[PDB]
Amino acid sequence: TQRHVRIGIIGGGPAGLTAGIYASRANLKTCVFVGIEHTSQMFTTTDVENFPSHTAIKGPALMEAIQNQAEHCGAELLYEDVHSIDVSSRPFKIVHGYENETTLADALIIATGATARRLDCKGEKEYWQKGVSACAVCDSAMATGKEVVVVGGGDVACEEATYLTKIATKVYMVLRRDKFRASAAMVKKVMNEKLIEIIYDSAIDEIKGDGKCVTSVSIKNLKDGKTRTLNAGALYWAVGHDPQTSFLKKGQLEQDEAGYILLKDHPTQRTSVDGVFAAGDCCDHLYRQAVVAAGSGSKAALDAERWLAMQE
């Protein structure tokens, strides 16, 4: 009937599954909620070349290998979504499944990842390989000696734009808000750049090209509904990522504006609530790698093991 675990892990990605490995091997009863509506960012990627011990591996195959390992080590994998948690009382409560079952957990690890915010756009699909890019340093050959567009106002985008001033002749920053969701040091570097032109209250309407390269971009003001075109050799998407923390309530866990869970005792994975830990992309915007997420998972699980043990 009622499930009580020592460690409850919300997320079945690299961070979550790795956490499951360590928690289960500690001989602490452990379950991992993998999700059903949610999936790992790794399933969407085709070829993984930078995970240690694999020259090349498919994301789905990498994820299957790690899942099998978590099962073998004795973690219980549940293909169920978490709807809410309770952090006011211990044992912690986790509400999940189609019938809103409650699982009791003595410690929580949150590894719910993040999503891409993929733009349903005319030319986003057409020019994703060519012209449109998600990484400025990776596709900087497109920017060199050209006019360029960067989307979003945040740390990711603000650093992409300042970098592309070294290469691009002109950098256009398109924000969908009144101001930036970013640091005052980064806004000062951006707003004192002559090669940057900051466009506020705007969204990307269409990406135009010759079929090979992007030659112009169309923008429409949100309030106005008016659209204008900009000549550019490439569009650099840098909107940012959405941590999958919508199941959380305001004041449960300390978070930033974007919703990333904050880490309160570096280099540990401790959150603002004791016995609650966070790992992977849901608390890391800087790095965003499978091996990095996996590293956090291990750290979170070991943090939870030490914390639980001191409670006895």
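From 1 onward, residues are counted along the sequence shown.
Stretch with the higher entry mean CA B-factor, where the candidates are 164-172 and 79-87: Averaging CA B-factors over each stretch, the winner is 164-172.
Higher-scoring stretch by recorded Cα B factor average, 95-103 or 136-144: Taking the mean C-alpha B-factor of 95-103 and of 136-144, the larger value falls to 136-144.
According to the Cα B-factor stored in this entry, which of the following is highest: 115, 112, 227, 216? Answer, based on the entry's C-alpha B-factors: 227.
Can you work out whether the C-alpha temperature factor of residue 207 puts it in the lowest, middle or highest third of the chain? For residue 207, whose C-alpha B-factor we compare with every modelled residue in the chain, the answer is the highest third.
Lowest, middle or highest third: where is residue 190 by Cα B-factor in its chain? According to the entry, residue 190 has a C-alpha B-factor in the chain's highest third.
Within-chain third of residue 184 by Cα B-factor, per the entry: As the PDB entry reports it, the C-alpha B-factor of residue 184 lands in the highest third of its chain.
Record-listed C-alpha B factor of residue 158: chain third: For residue 158, the deposited C-alpha B-factor lands in the highest third.
How does residue 149 rank on Cα B-factor within its chain, lowest, middle or highest third? Within its chain, residue 149 is a middle-third residue by C-alpha B-factor, going by the deposited values.
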